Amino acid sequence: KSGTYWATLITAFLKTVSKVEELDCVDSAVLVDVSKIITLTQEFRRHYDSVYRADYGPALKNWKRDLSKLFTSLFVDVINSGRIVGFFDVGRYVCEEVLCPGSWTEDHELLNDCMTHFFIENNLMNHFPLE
């Protein structure tokens, strides 16, 4: 869909997982997709924990300066729904574990822009059918 729609969706998703008190009104379609994405990322994390012992914590301590490297590398050889869900799960992790929940700070905006630019630049909406 629309590039603006996805920019809107990403921000909405990040604000929701960040537990931002202030509700930034969005269409019902956007909320529905935010819901679907949160559920997916939790299923994804469930698989990650079954296969690996490590948390994302260690590698994401320098996220503000390496997150982009991680996203490029995540899609270096191919793009599929599963890696895209992992993409959002990395985002959910940062908002839930690293950053503080309940406030939308400059670091959040940094995360938001990083994810939004990479998503759109790499045509990820083309391989991410929320059906």
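Don't overthink the numbering: it's just position in the shown sequence, from 1.
Checked against the record, the higher mean CA B factor of 83 to 91 and 61 to 69 lies with 61 to 69. The stretch 18 to 26 shows the higher mean C-alpha B-factor when 104 to 112 is compared against 18 to 26 in the entry. Per the deposited record, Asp55 carries the highest C-alpha B-factor of all listed residues (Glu96, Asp33, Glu43, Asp55).
Looking at the C-alpha B-factors along this chain, the one for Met125 belongs to the highest third. Sort the chain's modelled residues by C-alpha temperature factor and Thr4 lands in the middle third, per the entry.
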